[PDB]
Number of protein chains: 2
Amino acid sequence: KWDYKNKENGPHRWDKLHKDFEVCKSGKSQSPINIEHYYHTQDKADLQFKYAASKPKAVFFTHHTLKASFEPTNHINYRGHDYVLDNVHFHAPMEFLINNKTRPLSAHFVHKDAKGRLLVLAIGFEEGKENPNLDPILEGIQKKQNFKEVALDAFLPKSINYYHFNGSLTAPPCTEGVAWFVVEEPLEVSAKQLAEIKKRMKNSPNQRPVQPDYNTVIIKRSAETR
Amino acid sequence: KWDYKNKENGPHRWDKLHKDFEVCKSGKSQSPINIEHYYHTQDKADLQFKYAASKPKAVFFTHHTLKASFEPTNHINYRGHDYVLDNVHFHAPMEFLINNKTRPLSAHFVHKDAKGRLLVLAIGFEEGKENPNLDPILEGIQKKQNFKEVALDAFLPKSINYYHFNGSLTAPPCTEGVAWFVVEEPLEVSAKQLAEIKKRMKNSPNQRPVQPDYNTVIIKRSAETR
Ligand SMILES: [Cl-]
Ligand SMILES: [Cl-]
Ligand SMILES: [Zn+2]
Ligand SMILES: [Zn+2]
(Lines give C-alpha, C1' and ligand atoms only; values in the text may rest on other atoms or scores of the structure.)
(Ligands and ions follow the chains in the order given, each with its own letter.)
Protein backbone atom coordinates (compact mmCIF):
# COMPACT_ATOMS: atom_id res chain seq x y z
CA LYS A 1 0.00 0.00 0.00
CA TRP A 2 2.22 2.81 -1.29
CA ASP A 3 2.38 6.17 0.50
CA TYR A 4 4.60 9.22 1.03
CA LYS A 5 5.92 8.31 4.48
CA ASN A 6 9.40 7.02 5.28
CA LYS A 7 8.52 3.45 6.24
CA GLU A 8 7.97 0.19 4.36
CA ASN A 9 5.63 1.74 1.79
CA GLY A 10 7.37 5.07 1.14
CA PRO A 11 8.75 6.54 -2.12
CA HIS A 12 12.23 5.14 -1.45
CA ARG A 13 10.67 1.66 -1.60
CA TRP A 14 7.81 1.99 -4.11
CA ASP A 15 9.78 -0.21 -6.51
CA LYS A 16 9.64 -3.10 -4.03
CA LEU A 17 5.87 -3.00 -3.50
CA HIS A 18 4.96 -4.36 -6.91
CA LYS A 19 6.81 -5.46 -10.03
CA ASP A 20 4.88 -2.84 -12.02
CA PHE A 21 6.50 -0.16 -9.84
CA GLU A 22 10.10 -1.14 -10.56
CA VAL A 23 10.55 1.76 -12.97
CA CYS A 24 10.01 4.10 -9.98
CA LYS A 25 13.62 3.26 -9.17
CA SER A 26 15.05 1.87 -12.44
CA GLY A 27 13.73 4.58 -14.76
CA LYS A 28 16.02 7.26 -16.21
CA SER A 29 13.40 10.01 -16.59
CA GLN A 30 11.61 9.96 -13.27
CA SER A 31 9.63 12.98 -12.06
CA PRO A 32 9.72 15.38 -10.30
CA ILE A 33 13.01 17.24 -10.70
CA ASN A 34 14.31 20.71 -10.02
CA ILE A 35 13.93 22.63 -13.28
CA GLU A 36 17.16 24.69 -13.48
CA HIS A 37 18.90 24.00 -16.81
CA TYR A 38 16.71 24.90 -19.78
CA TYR A 39 16.70 26.41 -23.25
CA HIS A 40 14.78 29.19 -24.97
CA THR A 41 13.21 29.31 -28.44
CA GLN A 42 11.50 31.82 -30.73
CA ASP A 43 9.51 29.00 -32.35
CA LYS A 44 5.75 29.36 -32.68
CA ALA A 45 3.28 27.56 -30.41
CA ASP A 46 2.43 23.87 -30.72
CA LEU A 47 -0.07 23.77 -27.86
CA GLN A 48 -3.74 24.80 -27.94
CA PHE A 49 -6.47 24.41 -25.35
CA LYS A 50 -10.01 23.10 -25.89
CA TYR A 51 -11.40 23.49 -22.38
CA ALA A 52 -14.97 24.30 -21.38
CA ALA A 53 -16.89 24.59 -18.12
CA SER A 54 -17.62 21.00 -17.11
CA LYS A 55 -19.50 19.11 -14.39
CA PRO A 56 -17.13 16.53 -12.89
CA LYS A 57 -17.81 12.84 -13.33
CA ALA A 58 -16.60 12.49 -9.74
CA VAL A 59 -14.89 14.53 -7.05
CA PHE A 60 -13.17 12.17 -4.64
CA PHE A 61 -10.14 11.20 -2.57
CA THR A 62 -7.92 8.52 -4.15
CA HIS A 63 -4.21 7.69 -4.44
CA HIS A 64 -3.54 10.18 -1.59
CA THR A 65 -4.94 13.08 -3.61
CA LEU A 66 -8.07 15.15 -4.15
CA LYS A 67 -9.21 14.44 -7.72
CA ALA A 68 -11.92 15.74 -10.02
CA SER A 69 -12.48 13.39 -12.95
CA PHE A 70 -14.25 14.53 -16.12
CA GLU A 71 -16.25 13.10 -19.00
CA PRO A 72 -14.08 12.99 -22.14
CA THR A 73 -15.12 16.38 -23.56
CA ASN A 74 -12.08 18.54 -22.83
CA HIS A 75 -8.81 18.39 -24.74
CA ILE A 76 -5.39 19.82 -25.11
CA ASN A 77 -4.09 19.82 -28.68
CA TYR A 78 -0.37 19.19 -28.94
CA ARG A 79 1.54 18.74 -32.19
CA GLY A 80 -1.89 18.84 -33.85
CA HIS A 81 -3.31 15.93 -31.85
CA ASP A 82 -6.04 15.91 -29.18
CA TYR A 83 -5.27 14.63 -25.69
CA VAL A 84 -8.41 14.22 -23.59
CA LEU A 85 -8.40 15.67 -20.07
CA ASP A 86 -9.02 12.76 -17.70
CA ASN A 87 -8.73 14.50 -14.35
CA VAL A 88 -7.42 17.38 -12.31
CA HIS A 89 -5.80 16.47 -8.99
CA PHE A 90 -3.68 18.17 -6.32
CA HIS A 91 -0.26 17.86 -4.74
CA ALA A 92 0.91 19.52 -1.55
CA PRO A 93 3.52 20.86 -1.71
CA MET A 94 4.04 21.28 -5.43
CA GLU A 95 6.22 18.47 -6.80
CA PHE A 96 8.28 20.18 -9.49
CA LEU A 97 10.71 22.84 -8.33
CA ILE A 98 11.63 25.77 -10.56
CA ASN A 99 15.13 27.11 -9.84
CA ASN A 100 14.88 25.51 -6.38
CA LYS A 101 11.62 27.31 -5.57
CA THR A 102 8.68 25.41 -4.08
CA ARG A 103 4.97 26.26 -4.04
CA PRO A 104 2.60 25.07 -1.29
CA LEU A 105 0.20 23.45 -3.77
CA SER A 106 -0.02 22.34 -7.38
CA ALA A 107 -2.65 20.91 -9.70
CA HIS A 108 -1.96 18.25 -12.31
CA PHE A 109 -4.14 18.27 -15.42
CA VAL A 110 -3.79 14.71 -16.73
CA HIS A 111 -4.38 13.99 -20.44
CA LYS A 112 -4.20 11.02 -22.79
CA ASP A 113 -4.36 10.81 -26.59
CA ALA A 114 -5.97 8.09 -28.68
CA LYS A 115 -2.67 6.16 -28.64
CA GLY A 116 -2.60 6.20 -24.84
CA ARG A 117 0.30 8.65 -24.57
CA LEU A 118 0.32 10.83 -21.45
CA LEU A 119 0.49 14.61 -21.29
CA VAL A 120 0.45 16.31 -17.91
CA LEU A 121 0.21 20.02 -17.20
CA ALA A 122 1.37 21.12 -13.77
CA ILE A 123 0.65 24.51 -12.25
CA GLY A 124 1.45 25.86 -8.81
CA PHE A 125 -0.51 28.01 -6.38
CA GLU A 126 0.73 30.83 -4.20
CA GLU A 127 -1.09 31.80 -1.02
CA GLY A 128 -3.11 34.92 -1.71
CA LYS A 129 -6.62 35.84 -2.76
CA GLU A 130 -9.58 33.49 -2.91
CA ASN A 131 -9.69 31.55 -6.15
CA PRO A 132 -13.33 30.98 -7.09
CA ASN A 133 -12.27 28.37 -9.66
CA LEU A 134 -11.53 25.96 -6.79
CA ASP A 135 -14.91 26.27 -5.07
CA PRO A 136 -16.81 23.75 -7.20
CA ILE A 137 -14.13 21.19 -6.34
CA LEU A 138 -14.13 21.96 -2.60
CA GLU A 139 -17.92 22.02 -2.58
CA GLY A 140 -18.02 18.81 -4.62
CA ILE A 141 -15.83 16.61 -2.42
CA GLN A 142 -17.98 17.12 0.68
CA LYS A 143 -21.08 16.62 -1.44
CA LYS A 144 -22.67 13.29 -2.35
CA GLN A 145 -22.76 13.94 -6.07
CA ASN A 146 -24.55 16.31 -8.50
CA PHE A 147 -21.23 18.13 -8.82
CA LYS A 148 -21.22 21.79 -9.95
CA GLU A 149 -19.42 22.98 -13.10
CA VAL A 150 -15.67 23.45 -12.88
CA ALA A 151 -14.67 26.51 -14.93
CA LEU A 152 -11.85 24.76 -16.78
CA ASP A 153 -11.68 27.52 -19.41
CA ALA A 154 -11.04 30.20 -16.77
CA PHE A 155 -8.65 28.22 -14.57
CA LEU A 156 -5.37 29.15 -16.28
CA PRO A 157 -4.19 32.61 -17.26
CA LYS A 158 -4.53 33.80 -20.88
CA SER A 159 -0.82 33.56 -21.55
CA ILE A 160 1.35 30.89 -20.01
CA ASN A 161 5.03 30.15 -20.09
CA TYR A 162 5.96 26.60 -19.30
CA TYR A 163 8.89 24.19 -19.00
CA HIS A 164 8.57 21.30 -21.43
CA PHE A 165 10.42 18.00 -21.16
CA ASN A 166 9.98 14.22 -20.90
CA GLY A 167 9.51 12.55 -17.56
CA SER A 168 7.23 10.20 -15.63
CA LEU A 169 4.13 9.98 -13.50
CA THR A 170 4.98 11.15 -10.00
CA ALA A 171 3.10 8.32 -8.27
CA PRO A 172 3.12 4.56 -8.79
CA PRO A 173 3.36 2.98 -11.25
CA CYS A 174 5.73 5.88 -12.20
CA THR A 175 5.17 5.21 -15.89
CA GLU A 176 7.51 7.10 -18.21
CA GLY A 177 6.79 8.45 -21.69
CA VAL A 178 5.13 11.52 -20.15
CA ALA A 179 5.25 14.91 -21.83
CA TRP A 180 5.34 17.48 -19.04
CA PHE A 181 4.15 21.06 -19.21
CA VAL A 182 5.13 22.85 -16.00
CA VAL A 183 3.62 26.32 -15.92
CA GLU A 184 5.79 29.13 -14.54
CA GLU A 185 3.05 31.56 -13.41
CA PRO A 186 1.31 30.59 -10.16
CA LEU A 187 -2.43 30.69 -9.54
CA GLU A 188 -3.83 32.17 -6.38
CA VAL A 189 -5.32 30.26 -3.46
CA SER A 190 -6.54 31.69 -0.15
CA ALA A 191 -5.17 30.54 3.20
CA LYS A 192 -8.63 29.10 3.91
CA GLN A 193 -8.85 27.22 0.63
CA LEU A 194 -5.30 25.93 1.03
CA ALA A 195 -6.06 24.56 4.48
CA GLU A 196 -9.30 23.04 3.23
CA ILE A 197 -7.63 21.27 0.29
CA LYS A 198 -4.84 19.97 2.48
CA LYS A 199 -7.38 18.66 4.98
CA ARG A 200 -9.25 16.85 2.19
CA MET A 201 -5.89 15.23 1.44
CA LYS A 202 -5.70 14.14 5.09
CA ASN A 203 -3.13 16.80 6.08
CA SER A 204 -0.62 14.30 4.71
CA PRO A 205 1.88 15.69 2.17
CA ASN A 206 1.61 13.89 -1.18
CA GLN A 207 4.76 15.26 -2.78
CA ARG A 208 7.19 12.79 -4.34
CA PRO A 209 10.80 13.72 -3.59
CA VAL A 210 12.89 14.97 -6.52
CA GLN A 211 14.37 12.12 -8.53
CA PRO A 212 17.78 11.69 -10.20
CA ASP A 213 18.05 13.88 -13.28
CA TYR A 214 19.87 12.32 -16.22
CA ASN A 215 20.48 15.54 -18.15
CA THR A 216 16.77 16.14 -18.83
CA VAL A 217 16.43 18.35 -21.91
CA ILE A 218 14.02 21.18 -21.08
CA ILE A 219 12.65 23.83 -23.43
CA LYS A 220 10.91 26.95 -22.08
CA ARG A 221 7.79 27.67 -24.13
CA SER A 222 4.76 29.90 -24.34
CA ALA A 223 1.16 29.31 -25.29
CA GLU A 224 -2.21 31.06 -25.26
CA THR A 225 -4.92 29.20 -23.38
CA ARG A 226 -7.67 31.07 -25.23
CA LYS B 1 23.62 -13.77 -29.02
CA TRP B 2 21.52 -10.75 -29.96
CA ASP B 3 21.47 -9.71 -33.61
CA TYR B 4 19.57 -7.67 -36.25
CA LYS B 5 18.11 -10.68 -37.96
CA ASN B 6 14.52 -11.55 -37.13
CA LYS B 7 14.64 -15.02 -35.69
CA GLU B 8 14.90 -15.68 -31.94
CA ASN B 9 17.70 -13.09 -31.36
CA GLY B 10 16.59 -9.91 -33.16
CA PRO B 11 15.34 -6.40 -32.16
CA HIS B 12 11.76 -7.43 -31.29
CA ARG B 13 13.05 -9.99 -28.88
CA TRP B 14 16.21 -8.39 -27.48
CA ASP B 15 14.32 -7.92 -24.21
CA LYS B 16 13.75 -11.67 -23.77
CA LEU B 17 17.45 -12.74 -24.24
CA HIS B 18 18.55 -11.46 -20.82
CA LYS B 19 16.87 -9.59 -17.99
CA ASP B 20 19.56 -6.94 -18.48
CA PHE B 21 17.93 -6.20 -21.86
CA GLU B 22 14.35 -5.72 -20.67
CA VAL B 23 14.31 -1.91 -21.14
CA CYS B 24 14.77 -2.59 -24.87
CA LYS B 25 11.01 -3.19 -24.75
CA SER B 26 9.77 -1.49 -21.55
CA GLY B 27 11.55 1.80 -22.13
CA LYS B 28 9.61 4.84 -23.30
CA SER B 29 12.59 6.81 -24.64
CA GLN B 30 14.09 4.23 -26.94
CA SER B 31 16.39 5.18 -29.83
CA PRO B 32 16.44 5.68 -32.75
CA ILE B 33 13.52 7.83 -33.85
CA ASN B 34 12.64 10.09 -36.74
CA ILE B 35 13.70 13.57 -35.67
CA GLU B 36 11.05 15.89 -37.11
CA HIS B 37 9.66 18.02 -34.28
CA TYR B 38 12.31 20.21 -32.66
CA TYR B 39 12.66 23.56 -30.95
CA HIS B 40 15.23 25.93 -32.42
CA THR B 41 17.58 27.60 -29.94
CA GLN B 42 19.61 30.61 -30.99
CA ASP B 43 22.52 30.77 -28.53
CA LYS B 44 25.78 28.91 -29.15
CA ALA B 45 26.13 25.91 -26.80
CA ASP B 46 28.64 25.81 -23.96
CA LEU B 47 29.48 22.28 -25.19
CA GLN B 48 33.27 21.86 -25.21
CA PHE B 49 35.22 19.23 -27.14
CA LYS B 50 38.54 17.87 -25.86
CA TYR B 51 39.52 15.60 -28.73
CA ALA B 52 43.00 14.86 -30.03
CA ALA B 53 44.66 12.43 -32.41
CA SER B 54 44.53 9.09 -30.60
CA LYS B 55 45.84 5.60 -31.29
CA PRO B 56 43.02 3.10 -30.80
CA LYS B 57 43.36 0.47 -28.10
CA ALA B 58 41.61 -1.78 -30.61
CA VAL B 59 40.01 -1.70 -34.04
CA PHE B 60 37.69 -4.66 -34.21
CA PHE B 61 34.40 -6.20 -35.26
CA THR B 62 32.15 -6.73 -32.24
CA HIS B 63 28.38 -6.90 -31.78
CA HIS B 64 27.73 -6.40 -35.50
CA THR B 65 29.72 -3.16 -35.76
CA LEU B 66 33.18 -1.92 -36.73
CA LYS B 67 34.49 -0.34 -33.50
CA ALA B 68 37.57 1.70 -32.60
CA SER B 69 38.10 1.83 -28.83
CA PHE B 70 40.29 4.46 -27.14
CA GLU B 71 42.27 5.05 -23.98
CA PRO B 72 40.36 7.46 -21.70
CA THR B 73 42.04 10.69 -22.84
CA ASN B 74 39.33 12.32 -24.97
CA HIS B 75 36.17 13.96 -23.69
CA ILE B 76 33.18 16.17 -24.30
CA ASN B 77 32.40 18.61 -21.49
CA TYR B 78 28.62 19.07 -21.12
CA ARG B 79 26.98 20.98 -18.24
CA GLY B 80 30.36 21.12 -16.54
CA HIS B 81 30.97 17.36 -16.55
CA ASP B 82 33.64 15.54 -18.61
CA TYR B 83 32.20 12.64 -20.65
CA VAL B 84 35.10 10.41 -21.62
CA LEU B 85 35.08 8.95 -25.12
CA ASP B 86 35.06 5.14 -24.97
CA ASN B 87 34.72 4.29 -28.67
CA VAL B 88 33.64 5.27 -32.17
CA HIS B 89 31.61 2.66 -34.07
CA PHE B 90 29.47 2.49 -37.19
CA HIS B 91 25.90 1.80 -38.28
CA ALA B 92 24.69 1.08 -41.80
CA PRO B 93 22.29 2.51 -42.62
CA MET B 94 22.30 5.45 -40.20
CA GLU B 95 19.85 4.77 -37.36
CA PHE B 96 18.38 8.19 -36.60
CA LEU B 97 16.27 9.72 -39.34
CA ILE B 98 16.03 13.47 -39.75
CA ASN B 99 12.74 14.64 -41.27
CA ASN B 100 12.37 11.12 -42.66
CA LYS B 101 15.64 11.21 -44.55
CA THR B 102 18.15 8.41 -44.18
CA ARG B 103 21.91 8.24 -44.65
CA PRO B 104 23.80 5.13 -45.74
CA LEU B 105 26.19 5.31 -42.79
CA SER B 106 26.68 6.87 -39.37
CA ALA B 107 29.24 6.94 -36.60
CA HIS B 108 28.45 6.93 -32.88
CA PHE B 109 30.89 8.57 -30.49
CA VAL B 110 30.08 6.89 -27.20
CA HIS B 111 30.91 8.68 -23.92
CA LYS B 112 30.42 8.23 -20.14
CA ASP B 113 31.14 10.64 -17.26
CA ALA B 114 32.58 9.63 -13.89
CA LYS B 115 29.11 9.54 -12.32
CA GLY B 116 28.23 6.96 -14.98
CA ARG B 117 25.99 9.00 -17.26
CA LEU B 118 25.89 8.43 -21.00
CA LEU B 119 26.43 10.87 -23.85
CA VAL B 120 26.43 9.75 -27.49
CA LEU B 121 27.13 11.88 -30.56
CA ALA B 122 25.82 10.60 -33.90
CA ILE B 123 26.90 11.90 -37.25
CA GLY B 124 25.86 10.66 -40.66
CA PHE B 125 27.81 10.25 -43.86
CA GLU B 126 26.71 10.88 -47.42
CA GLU B 127 28.50 9.50 -50.48
CA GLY B 128 30.89 12.05 -51.92
CA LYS B 129 34.52 12.91 -51.32
CA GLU B 130 37.05 10.42 -49.93
CA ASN B 131 37.29 11.03 -46.17
CA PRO B 132 40.91 10.77 -44.97
CA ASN B 133 39.75 10.58 -41.36
CA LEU B 134 38.27 7.13 -42.02
CA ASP B 135 41.50 5.71 -43.41
CA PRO B 136 43.21 4.75 -40.12
CA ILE B 137 40.05 2.84 -39.16
CA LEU B 138 39.75 1.16 -42.57
CA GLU B 139 43.44 0.23 -42.37
CA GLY B 140 43.26 -0.65 -38.71
CA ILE B 141 40.52 -3.27 -39.02
CA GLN B 142 42.89 -5.06 -41.44
CA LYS B 143 45.82 -4.90 -39.01
CA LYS B 144 46.82 -7.22 -36.18
CA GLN B 145 47.76 -4.35 -33.85
CA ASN B 146 49.90 -1.18 -33.77
CA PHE B 147 46.96 0.93 -34.94
CA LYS B 148 47.66 4.40 -36.36
CA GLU B 149 46.23 7.61 -34.88
CA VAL B 150 42.58 8.42 -35.48
CA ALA B 151 42.23 12.17 -36.04
CA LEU B 152 39.33 12.63 -33.61
CA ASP B 153 39.98 16.39 -33.68
CA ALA B 154 39.50 16.62 -37.48
CA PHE B 155 36.60 14.26 -37.75
CA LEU B 156 33.90 16.89 -37.12
CA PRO B 157 33.41 20.36 -38.66
CA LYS B 158 34.43 23.38 -36.62
CA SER B 159 30.82 24.55 -36.53
CA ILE B 160 28.01 22.08 -36.04
CA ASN B 161 24.26 22.13 -35.70
CA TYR B 162 22.72 19.26 -33.80
CA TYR B 163 19.53 17.76 -32.41
CA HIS B 164 19.68 17.21 -28.66
CA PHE B 165 17.33 15.09 -26.56
CA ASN B 166 17.14 12.21 -24.10
CA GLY B 167 17.09 8.69 -25.50
CA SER B 168 18.69 5.27 -25.23
CA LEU B 169 21.48 3.10 -26.49
CA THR B 170 20.47 1.67 -29.89
CA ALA B 171 21.76 -1.82 -29.10
CA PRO B 172 21.30 -4.09 -26.08
CA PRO B 173 21.17 -3.39 -23.18
CA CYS B 174 19.29 -0.32 -24.64
CA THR B 175 20.12 1.69 -21.50
CA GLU B 176 18.17 4.94 -21.25
CA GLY B 177 19.36 8.22 -19.74
CA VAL B 178 21.40 8.89 -22.89
CA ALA B 179 22.11 12.51 -23.77
CA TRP B 180 21.97 12.40 -27.57
CA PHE B 181 23.65 14.82 -29.94
CA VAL B 182 22.71 14.07 -33.54
CA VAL B 183 24.66 16.23 -35.97
CA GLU B 184 22.68 17.78 -38.82
CA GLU B 185 25.20 18.05 -41.62
CA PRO B 186 26.58 14.75 -42.96
CA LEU B 187 30.28 14.09 -43.38
CA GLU B 188 31.48 12.75 -46.69
CA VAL B 189 32.55 9.20 -47.52
CA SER B 190 33.57 7.88 -50.94
CA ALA B 191 31.57 5.13 -52.61
CA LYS B 192 34.63 2.89 -52.25
CA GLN B 193 35.04 3.64 -48.53
CA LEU B 194 31.33 3.10 -47.97
CA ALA B 195 31.36 -0.28 -49.67
CA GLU B 196 34.50 -1.24 -47.74
CA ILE B 197 33.12 -0.34 -44.30
CA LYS B 198 29.89 -2.21 -45.06
CA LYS B 199 31.95 -5.25 -46.06
CA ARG B 200 33.85 -5.05 -42.76
CA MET B 201 30.45 -5.24 -41.02
CA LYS B 202 29.74 -8.44 -43.01
CA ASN B 203 27.45 -6.68 -45.52
CA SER B 204 24.76 -7.13 -42.89
CA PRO B 205 22.78 -4.03 -41.88
CA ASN B 206 23.16 -3.16 -38.20
CA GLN B 207 20.42 -0.55 -37.94
CA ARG B 208 17.87 -0.76 -35.13
CA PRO B 209 14.42 0.07 -36.48
CA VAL B 210 12.73 3.31 -35.37
CA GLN B 211 11.17 2.95 -31.93
CA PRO B 212 7.91 4.37 -30.56
CA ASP B 213 8.27 8.10 -29.88
CA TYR B 214 6.52 9.26 -26.74
CA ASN B 215 6.69 12.96 -27.68
CA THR B 216 10.46 13.21 -27.29
CA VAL B 217 11.41 16.82 -26.59
CA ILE B 218 14.16 17.81 -29.00
CA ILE B 219 16.13 21.05 -29.32
CA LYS B 220 18.15 22.18 -32.34
CA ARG B 221 21.35 23.93 -31.34
CA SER B 222 24.69 25.18 -32.63
CA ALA B 223 28.10 24.50 -31.17
CA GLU B 224 31.75 24.85 -32.05
CA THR B 225 34.09 21.88 -31.81
CA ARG B 226 37.04 24.19 -31.13
CL1 LIG C 1 3.91 19.75 -9.57
CL1 LIG D 1 22.62 7.24 -36.11
ZN1 LIG E 1 0.08 14.04 -10.02
ZN1 LIG F 1 25.65 2.74 -31.79
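The sequence lines fix the lettering, A, B, ..., with proteins before strands; numbering per chain opens at 1. FYI, side chains are in, hydrogens and waters are out, and symmetry mates aren't considered; it's all heavy atoms of this structure. Both counts, for ligands and for their atoms, begin at 1 and track the order of listing.
- Heavy-atom contacts from other residues, nucleotides or ligands closer than 6.0 Å to NZ of A:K199 number 12 or fewer.
- Of all protein N/O/S atoms, those under 2.8 Å from the Zn ion (ligand 4) are B:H89 NE2, B:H91 NE2, B:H108 ND1, and waters are not counted.
- Listed by first and then second residue, the disulfide (SG to SG under 2.5 Å) pairs that reach into residues 174-225 of chain B are B:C24-B:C174, sequence neighbours excluded.
- Classification of the A:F125-A:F90 ring pair by plane angle, with boundaries at 30° and 60°, yields tilted.
- Note on ring orientation: taking the six-membered ring where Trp is involved, the planes of A:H108 and A:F96 are tilted (angle from 30° to 60°).
- Ring centroid separation for the pair A:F181 and A:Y78 comes in under the 6.0 Å cut-off.
- Taking the ring centroids of A:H75 and A:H111, they lie at or beyond the 6.0 Å cut-off.
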